[PDB]
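> Pasting a structure here, questions to come.
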Amino acid sequence: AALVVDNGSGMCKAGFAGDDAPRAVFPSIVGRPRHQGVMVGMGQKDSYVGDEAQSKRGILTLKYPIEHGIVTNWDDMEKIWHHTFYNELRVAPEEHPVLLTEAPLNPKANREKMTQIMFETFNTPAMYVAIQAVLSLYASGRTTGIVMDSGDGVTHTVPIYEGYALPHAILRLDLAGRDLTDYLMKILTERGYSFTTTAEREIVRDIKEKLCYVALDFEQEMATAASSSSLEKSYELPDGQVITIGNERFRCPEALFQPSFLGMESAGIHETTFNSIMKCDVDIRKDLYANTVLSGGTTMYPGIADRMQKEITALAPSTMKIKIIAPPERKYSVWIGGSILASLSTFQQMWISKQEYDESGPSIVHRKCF
Amino acid sequence: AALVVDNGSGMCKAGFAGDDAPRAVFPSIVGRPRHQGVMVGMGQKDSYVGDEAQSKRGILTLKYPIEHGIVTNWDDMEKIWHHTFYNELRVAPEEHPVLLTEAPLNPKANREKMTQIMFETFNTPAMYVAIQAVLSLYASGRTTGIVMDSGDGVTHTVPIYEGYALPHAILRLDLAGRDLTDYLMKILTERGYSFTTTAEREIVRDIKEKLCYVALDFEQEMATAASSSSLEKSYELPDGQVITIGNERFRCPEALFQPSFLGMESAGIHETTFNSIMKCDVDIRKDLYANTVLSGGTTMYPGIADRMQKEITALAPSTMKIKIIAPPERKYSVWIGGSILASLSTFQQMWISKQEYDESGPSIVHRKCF
Amino acid sequence: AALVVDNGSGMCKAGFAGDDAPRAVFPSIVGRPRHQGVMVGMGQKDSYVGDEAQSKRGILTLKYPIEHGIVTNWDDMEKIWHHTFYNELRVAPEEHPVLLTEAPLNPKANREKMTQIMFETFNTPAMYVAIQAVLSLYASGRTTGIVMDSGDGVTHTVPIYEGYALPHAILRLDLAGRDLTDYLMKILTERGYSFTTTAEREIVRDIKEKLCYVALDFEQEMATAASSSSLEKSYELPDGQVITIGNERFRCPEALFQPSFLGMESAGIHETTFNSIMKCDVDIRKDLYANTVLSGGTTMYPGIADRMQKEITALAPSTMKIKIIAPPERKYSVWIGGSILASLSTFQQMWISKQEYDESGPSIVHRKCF
Amino acid sequence: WXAXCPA
Amino acid sequence: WXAXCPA
Amino acid sequence: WXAXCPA
Ligand SMILES: Nc1ncnc2c1ncn2[C@@H]1O[C@H](COP(=O)(O)OP(=O)(O)O)[C@@H](O)[C@H]1O
Ligand SMILES: Nc1ncnc2c1ncn2[C@@H]1O[C@H](COP(=O)(O)OP(=O)(O)O)[C@@H](O)[C@H]1O
Ligand SMILES: Nc1ncnc2c1ncn2[C@@H]1O[C@H](COP(=O)(O)OP(=O)(O)O)[C@@H](O)[C@H]1O
Ligand SMILES: [Mg+2]
Ligand SMILES: [Mg+2]
Ligand SMILES: [Mg+2]
């Protein structure tokens, strides 16, 4: 068997090739206890990784080792990898090849260090490095389409017409859910609720996943919200306090299409789709219009596809038809596609050998993997 | 066989490690005669210490060497510890390490002085000082919660989550049983009973331990007590006189909740616990709500737990359930709490060796103790 | 004859347009007696506000109507304004427009209430509500620069470039002098000094304002402070008893840079100032580096500018020259900057009219004030 | 504040 | 205590 | 990042 690990900005999954569901589901955060140990009865480990931290997240300094799809802290990163293989997946890395996924347009130092770690720390028999978004299209059973990946650190748009994607039309935007989490909280201060620390940030993360939704008409909906009622919902905080949120339910998800609220000049997520498809050939444009695919945990908002379809329709000429594909389980499409690719017999020749890494060092990843 | 000695504001407990109840249980008082011995000297010592003073409390001038958990006279204190080893436990202290309990937020000058002398007067092989509240949780066998340690001199609440204590949220209240006796010392004059001297104060200490109790609601009880005599209780004085006290039975324990009667600008113990838990993180507030640990001889009053639960529910959100842990043997919870630590093999590492004190001085206690 | 009043968490200043110094300088506290009056000849009032409360602070229960720049008691909030216009300024607000200040990132209901109460209780001709940090730069006379307003309850930092603000890069810290008073009072206890009641907070407020100072190298200093007594200073309490403080003189202001002592997970004031400008783009960072402006009564500390320039120098690139602007009168910069705006001729068009408030209501302030 | 802090 | 209370 | 953003 071959192991599939898909490191994400906030959420990392792992499982086995051919499986329909990832085996391990825990967020990728390592925290260190700011307070001093008083009791000696228990272990009181130096650090905690994954679901272990969130259980005790009140007394930990939660840190995200990867930011915008870039591993800022390599010292913490191996802690997740060690935890994945021995605690969650409880398997020995030196018997099975493992595959890792990355966002496009990443620094060369990001994806050279992981190969060094894999062949020196865990001594995996083989390795592979594959773009995050391209694997999502495999999960949908298509090879000609454009994938709208939107996770926590990267929102990259890539058109894929054949078995390989076009690098020249890859547009990467650093606007994702984590920026959204930073955005509702500053707006949430308008209603009298203050959340500053990283511990309450996950509490902030929860409310977005449950109550935030995309409004079809932002101008009409805000006018509707001016009349009060019929939209405010009550949410219970882990403390026990119940909070009510009004217009902010749609305002934060709306920032995807109008980034002017967050203060960066890049256009909305609807607009960058149009730019990418302009950069490709005219003949391939027709196919990509009808094969638009959404992916990533950000795209989970209710009605996001309907508003997306409306926006691109205005920008696109009426001759070509736009069909947006939103599979129900697009949350794990990146991993699921990797399981299919790992299960393929043709892929036995695109593995990287340990001996081959020795001859070329960690620089072999640029030339072989893509 | 490590030695556990617990110097309390009103009551000192000492024993051996690994036991269940303190071996020697005698009051923390040092008194001297105010008159002259007309008869020959058949053993009239300069000062009497322990239960000996209690037997002849009518002639001596009782003075507590410990006040509000602060030693105001280091001379009389040496007497109690000298009397403890050679008259109560009958063991030489040069062969076994000794444990001490200190209330939080105490001046550094107090804790350096107890160390300096013991390494010089009794020459203990090893030493350690621990928080009274911390050891109280150890007796309960738990790992997370807030402990209410209200003794004779001080009332301190220390919240802990999974062996980690938050130093910022430690609230120290200078309201304890000795003040409650003083409040009784002021209110009992309405019925004609007049007590003046500190020796006569010990009688007040007895009546509060037998007749005082916590009423469920003050406003209805005072109305009921002013309309009947069902709450009347008869107490016999040591001379043979009998006294009757009515509404004052519940009024004194009520002062722990409304210190405005004593004129203190501080708030009630129910409110102080609320401030501490609010000062704690939101993520950990859920766990400590159901893990409130009660300790100290002050809270021996009948119905205090039922009352204590009531106001917390009023202040806290109604969604959360409230549990007050009141073990029957919470009186010596600190001692039995300190007993098990001395029996732990892990604690043997953190002993303050004699050489460490020699090479550093009295300043080692601040670095090596919390 | 416009009125310039800048209500603060602990300190409010009131004066007239076109002047150089605030006319009225009194503390912003409303207090009520905790006892019952005995002498009927003296005309006892219900509550006392301002310096009158400070004169009788030993008998009153002082309360701050504003906490963290937020009005938690709107009833008391009217009382202070009632006292300002008719006792301190001795003028009628019905004929002059009045300008008011507030911290950024405040709840909209807070500014909603102030507009309604002043237009309905005092019935002024006009109002304008403007950011405290914004008014600070006007006193300096500059047009571009990062302003650090560390008041009593709010520590906020706002970047400005050529009169255009960046709402996304505004960072607010809820750590200011009042918290430092709380930190100073817990660290005075180690020397044996107890200050618990609210009246005893003001005396602690007095001790920091004269003896506390910022040390250039914290790590160097405690070794010096623990090796001699030259840093010790003697202070006299109003009751005649005299106080000596050693290492605590620099430790309390150090919490402004190391909030871990308070248990807060936020970044230091130097770090937050660095973090805020990192949120800005590269182009204006050079200019904003050389125009750093400090303000607020917290920044009164001797040597604070030398420490802030040293701290930012390590984080900032070495090529850049960091320039700290510390005008000697920066305590009253917010009010003095307010005098300029009320005196400006262009500003007369941005006054909110009674007709404008009549047609829309309290909601007009949100679209008409920043 | 209502949720978070005391304000 | 020294300044404040009696302890 | 090195030149740009925080990463
Ligand atoms: N039900 C939901 N509604 C809205 N957003 C969600 C939901 N579930 C997850 N998310 C968002 O998806 C993000 C993670 O998605 P995913 O791409 O699977 O992981 P990663 O971004 O780490 O690769 C989370 O940060 C979360 O904010
Ligand atoms: N049954 C009781 N009822 C009321 N008060 C009690 C009772 N038992 C003890 N107390 C009081 O509680 C105070 C503190 O008790 P304890 O915690 O055992 O001593 P210390 O404060 O020295 O630790 C004592 O001063 C005592 O007067
Ligand atoms: N000379 C000083 N040294 C140290 N701290 C000071 C000094 N003067 C004032 N402060 C503190 O600065 C805080 C804010 O003062 P000020 O700016 O006048 O009030 P506000 O924050 O309401 O504008 C006050 O709480 C005070 O304790
Ligand atoms: Mg992802
Ligand atoms: Mg006790
Ligand atoms: Mg201020």
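Ligands are numbered from 1 in the order shown, chains are lettered A, B, ... in the order of the structure tokens, and residues start at 1 in each chain.
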Give the residue list for ligand 4 at 10 Å, counting only C-alpha atoms and all ligand atoms, as a ChimeraX atom specification, sorted by chain and then by residue number.

/A:6-13,69,101-103,132-133,136,149-155,176,295-298,331-335

> Could you please select, counting only C-alpha atoms, the residues of chain C within 12 Å of chain D and state them as a JSON list (two decimals) with N, CA, C and O atoms, in the first residue's frame?


```json
[["chain", "number", "residue", "atom", "x", "y", "z"],
["C", 9, "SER", "N", -11.44, 56.88, 29.59],
["C", 9, "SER", "CA", -11.73, 55.79, 30.51],
["C", 9, "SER", "C", -11.58, 56.24, 31.96],
["C", 9, "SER", "O", -12.43, 55.92, 32.80],
["C", 64, "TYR", "N", -15.81, 53.48, 37.75],
["C", 64, "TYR", "CA", -15.50, 54.09, 36.47],
["C", 64, "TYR", "C", -16.64, 53.82, 35.50],
["C", 64, "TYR", "O", -16.85, 52.66, 35.11],
["C", 65, "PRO", "N", -17.40, 54.84, 35.08],
["C", 65, "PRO", "CA", -18.48, 54.60, 34.12],
["C", 65, "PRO", "C", -18.00, 54.11, 32.77],
["C", 65, "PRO", "O", -18.79, 53.51, 32.03],
["C", 66, "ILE", "N", -16.73, 54.33, 32.43],
["C", 66, "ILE", "CA", -16.17, 53.90, 31.16],
["C", 66, "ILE", "C", -15.09, 52.87, 31.43],
["C", 66, "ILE", "O", -14.15, 53.13, 32.19],
["C", 67, "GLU", "N", -15.21, 51.71, 30.80],
["C", 67, "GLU", "CA", -14.20, 50.66, 30.91],
["C", 67, "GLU", "C", -13.73, 50.25, 29.52],
["C", 67, "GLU", "O", -14.55, 49.91, 28.66],
["C", 68, "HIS", "N", -12.42, 50.29, 29.31],
["C", 68, "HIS", "CA", -11.82, 49.99, 28.02],
["C", 68, "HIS", "C", -12.43, 50.86, 26.93],
["C", 68, "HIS", "O", -12.74, 50.38, 25.84],
["C", 69, "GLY", "N", -12.59, 52.15, 27.23],
["C", 69, "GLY", "CA", -13.16, 53.09, 26.28],
["C", 69, "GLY", "C", -14.59, 52.78, 25.89],
["C", 69, "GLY", "O", -15.05, 53.20, 24.83],
["C", 70, "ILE", "N", -15.29, 52.04, 26.74],
["C", 70, "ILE", "CA", -16.66, 51.62, 26.50],
["C", 70, "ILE", "C", -17.51, 52.05, 27.68],
["C", 70, "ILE", "O", -17.15, 51.80, 28.84],
["C", 71, "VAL", "N", -18.64, 52.70, 27.40],
["C", 71, "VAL", "CA", -19.54, 53.17, 28.45],
["C", 71, "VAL", "C", -20.39, 51.99, 28.92],
["C", 71, "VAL", "O", -21.35, 51.61, 28.25],
["C", 72, "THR", "N", -20.03, 51.41, 30.06],
["C", 72, "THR", "CA", -20.78, 50.31, 30.64],
["C", 72, "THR", "C", -21.94, 50.78, 31.51],
["C", 72, "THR", "O", -22.76, 49.95, 31.93],
["C", 73, "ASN", "N", -22.03, 52.08, 31.80],
["C", 73, "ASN", "CA", -23.11, 52.61, 32.62],
["C", 73, "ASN", "C", -23.54, 53.94, 32.01],
["C", 73, "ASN", "O", -22.91, 54.97, 32.26],
["C", 106, "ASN", "N", -14.76, 50.34, 18.13],
["C", 106, "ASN", "CA", -15.76, 50.31, 19.19],
["C", 106, "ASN", "C", -17.10, 49.86, 18.64],
["C", 106, "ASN", "O", -17.39, 50.03, 17.45],
["C", 107, "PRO", "N", -17.95, 49.26, 19.48],
["C", 107, "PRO", "CA", -19.29, 48.87, 19.02],
["C", 107, "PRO", "C", -20.09, 50.07, 18.55],
["C", 107, "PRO", "O", -19.99, 51.17, 19.11],
["C", 109, "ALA", "N", -23.28, 50.56, 18.76],
["C", 109, "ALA", "CA", -24.26, 51.00, 19.74],
["C", 109, "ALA", "C", -23.69, 52.01, 20.73],
["C", 109, "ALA", "O", -24.44, 52.83, 21.27],
["C", 110, "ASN", "N", -22.38, 51.97, 20.98],
["C", 110, "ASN", "CA", -21.76, 52.92, 21.89],
["C", 110, "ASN", "C", -21.86, 54.34, 21.34],
["C", 110, "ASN", "O", -22.29, 55.27, 22.05],
["C", 153, "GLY", "N", -7.70, 52.94, 29.19],
["C", 153, "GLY", "CA", -8.34, 51.65, 29.00],
["C", 153, "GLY", "C", -8.13, 51.05, 27.62],
["C", 153, "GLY", "O", -8.31, 49.84, 27.44],
["C", 154, "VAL", "N", -7.75, 51.87, 26.64],
["C", 154, "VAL", "CA", -7.57, 51.43, 25.27],
["C", 154, "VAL", "C", -6.16, 51.77, 24.82],
["C", 154, "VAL", "O", -5.71, 52.91, 25.00],
["C", 173, "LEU", "N", -5.40, 47.20, 21.27],
["C", 173, "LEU", "CA", -4.97, 46.38, 22.39],
["C", 173, "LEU", "C", -5.70, 46.84, 23.65],
["C", 173, "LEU", "O", -5.69, 48.03, 23.97],
["C", 174, "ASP", "N", -6.33, 45.90, 24.34],
["C", 174, "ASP", "CA", -7.04, 46.20, 25.58],
["C", 174, "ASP", "C", -6.12, 46.01, 26.79],
["C", 174, "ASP", "O", -6.43, 45.33, 27.76],
["C", 175, "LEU", "N", -4.95, 46.65, 26.70],
["C", 175, "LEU", "CA", -3.97, 46.65, 27.78],
["C", 175, "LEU", "C", -3.41, 48.06, 27.90],
["C", 175, "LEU", "O", -2.67, 48.52, 27.02],
["C", 264, "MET", "N", -1.67, 37.62, 29.24],
["C", 264, "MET", "CA", -2.30, 37.93, 27.96],
["C", 264, "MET", "C", -1.44, 37.43, 26.81],
["C", 264, "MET", "O", -0.21, 37.57, 26.81]]
```

> Find the spatial neighbours of residue 22 of chain C, counting only C-alpha atoms, within a cut-off of 9 Å - ignore same-chain residues fewer than 3 positions away - and output them as a compact mmCIF listing (two decimals) with N, CA and C atoms, in the first residue's frame.


```
# COMPACT_ATOMS: atom_id res chain seq x y z
N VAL C 4 -15.11 71.35 23.15
CA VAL C 4 -14.23 70.22 22.88
C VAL C 4 -14.14 69.41 24.17
N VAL C 5 -14.83 68.28 24.21
CA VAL C 5 -14.81 67.37 25.35
C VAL C 5 -14.34 66.01 24.85
N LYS C 13 -11.13 65.63 29.56
CA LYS C 13 -10.71 67.02 29.47
C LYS C 13 -11.75 67.80 28.67
N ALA C 14 -12.14 68.96 29.18
CA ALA C 14 -13.15 69.79 28.54
C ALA C 14 -12.65 71.23 28.42
N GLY C 15 -12.86 71.82 27.25
CA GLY C 15 -12.44 73.19 27.01
C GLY C 15 -13.20 73.87 25.90
N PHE C 16 -12.59 74.88 25.28
CA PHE C 16 -13.23 75.65 24.22
C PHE C 16 -12.39 75.59 22.96
N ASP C 19 -8.47 77.37 21.86
CA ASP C 19 -7.60 77.52 23.01
C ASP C 19 -6.40 76.57 22.89
N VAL C 25 -10.07 70.08 34.10
CA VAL C 25 -9.18 68.93 34.25
C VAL C 25 -9.54 68.22 35.55
N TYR C 332 -1.92 65.88 26.44
CA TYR C 332 -3.13 66.59 26.04
C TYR C 332 -3.21 66.77 24.52
N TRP C 335 -6.91 66.40 22.97
CA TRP C 335 -7.75 67.58 23.13
C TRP C 335 -7.22 68.76 22.32
N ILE C 336 -5.90 68.99 22.37
CA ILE C 336 -5.33 70.13 21.67
C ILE C 336 -5.52 69.99 20.16
```

> In segment 29-267 of chain A, what's helix (DSSP H, G or I) per DSSP? Answer as a ChimeraX atom specification?

/A:51-55,57-59,74-88,93-95,108-122,132-139,177-191,199-211,218-225,248-254,259-261

> Kindly provide, as a PyMOL selection string, the residues of chain B having any atom no farther than 7 Å from an atom of chain A, counting only C-alpha atoms.

chain B and resi 163-166+281-286+317+319-320

> For N, CA and C atoms, I'd like the residues from the last selection saved as a PDB file, in the first residue's frame.


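New file out35.pdb:
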```pdb
ATOM      1  N   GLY B 163      -3.556  20.309  35.519  1.00  0.00           N
ATOM      2  CA  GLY B 163      -2.257  20.419  36.141  1.00  0.00           C
ATOM      3  C   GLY B 163      -1.554  21.741  35.928  1.00  0.00           C
ATOM      4  N   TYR B 164      -2.169  22.669  35.202  1.00  0.00           N
ATOM      5  CA  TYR B 164      -1.584  23.984  34.946  1.00  0.00           C
ATOM      6  C   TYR B 164      -2.421  25.030  35.671  1.00  0.00           C
ATOM      7  N   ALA B 165      -1.770  25.814  36.526  1.00  0.00           N
ATOM      8  CA  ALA B 165      -2.450  26.871  37.257  1.00  0.00           C
ATOM      9  C   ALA B 165      -2.156  28.224  36.625  1.00  0.00           C
ATOM     10  N   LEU B 166      -3.162  29.099  36.627  1.00  0.00           N
ATOM     11  CA  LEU B 166      -3.025  30.419  36.029  1.00  0.00           C
ATOM     12  C   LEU B 166      -2.680  31.418  37.124  1.00  0.00           C
ATOM     13  N   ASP B 281      -9.734  31.678  30.813  1.00  0.00           N
ATOM     14  CA  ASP B 281     -10.043  31.610  29.395  1.00  0.00           C
ATOM     15  C   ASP B 281     -11.456  31.073  29.173  1.00  0.00           C
ATOM     16  N   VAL B 282     -12.041  31.470  28.041  1.00  0.00           N
ATOM     17  CA  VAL B 282     -13.394  31.036  27.709  1.00  0.00           C
ATOM     18  C   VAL B 282     -13.428  29.535  27.439  1.00  0.00           C
ATOM     19  N   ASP B 283     -12.376  29.001  26.814  1.00  0.00           N
ATOM     20  CA  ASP B 283     -12.346  27.593  26.436  1.00  0.00           C
ATOM     21  C   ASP B 283     -12.330  26.649  27.631  1.00  0.00           C
ATOM     22  N   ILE B 284     -11.855  27.098  28.791  1.00  0.00           N
ATOM     23  CA  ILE B 284     -11.740  26.250  29.972  1.00  0.00           C
ATOM     24  C   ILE B 284     -12.840  26.506  30.983  1.00  0.00           C
ATOM     25  N   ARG B 285     -13.710  27.489  30.740  1.00  0.00           N
ATOM     26  CA  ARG B 285     -14.750  27.813  31.709  1.00  0.00           C
ATOM     27  C   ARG B 285     -15.757  26.681  31.864  1.00  0.00           C
ATOM     28  N   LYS B 286     -16.020  25.932  30.790  1.00  0.00           N
ATOM     29  CA  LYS B 286     -16.982  24.836  30.864  1.00  0.00           C
ATOM     30  C   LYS B 286     -16.561  23.787  31.886  1.00  0.00           C
ATOM     31  N   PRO B 317     -24.533  31.688  33.136  1.00  0.00           N
ATOM     32  CA  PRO B 317     -25.633  31.378  32.216  1.00  0.00           C
ATOM     33  C   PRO B 317     -26.381  30.123  32.644  1.00  0.00           C
ATOM     34  N   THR B 319     -27.613  27.794  30.932  1.00  0.00           N
ATOM     35  CA  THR B 319     -27.364  26.583  30.153  1.00  0.00           C
ATOM     36  C   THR B 319     -26.447  25.619  30.897  1.00  0.00           C
ATOM     37  N   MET B 320     -25.408  26.140  31.543  1.00  0.00           N
ATOM     38  CA  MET B 320     -24.446  25.287  32.222  1.00  0.00           C
ATOM     39  C   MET B 320     -24.989  24.792  33.559  1.00  0.00           C
TER      40      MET B 320
END
```

> Tell me, as a ChimeraX atom specification, which residues lie within 12 Å of residue 259 of chain C, counting only C-alpha atoms; anything in the same chain fewer than 3 positions away does not count.

/A:34 /B:168 /C:173-176,179-180,183,251-256,262-272

> Extract, using only C-alpha atoms, all DNA, RNA and protein residues at most 9 Å from residue 245 of chain B, discarding same-chain residues fewer than 4 positions from it, and format them as a list in words.

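Listing them by chain and then by number gives residues 188, 191, 211, 231, 232, 233, 234, 235 and 249 of chain B.
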
> Go ahead and save the picked residues with C-alpha atoms, as a short mmCIF file (atom, residue, chain, number, x, y, z; two decimals), in the first residue's frame.


```
data_model
loop_
_atom_site.label_atom_id
_atom_site.label_comp_id
_atom_site.auth_asym_id
_atom_site.auth_seq_id
_atom_site.Cartn_x
_atom_site.Cartn_y
_atom_site.Cartn_z
CA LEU B 188 -23.83 39.22 70.01
CA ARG B 191 -28.81 40.12 73.29
CA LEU B 211 -25.03 26.45 66.13
CA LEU B 231 -34.67 28.92 65.15
CA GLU B 232 -33.72 29.50 68.79
CA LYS B 233 -30.82 27.38 70.06
CA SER B 234 -29.49 27.02 73.59
CA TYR B 235 -25.74 27.04 74.24
CA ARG B 249 -27.17 31.78 63.57
#
```

> From the set B:177, B:18, B:328, B:93, which residue has the shortest atom-to-atom contact distance to ligand 2, counting only C-alpha atoms and all ligand atoms?

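Closest residue, counting only C-alpha atoms and all ligand atoms: B:177.
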
> Skip residue 99 of chain C itself and residues of its chain fewer than 6 positions away, then list as a count of residues only all residues within 10 Å of it, counting only C-alpha atoms.

16
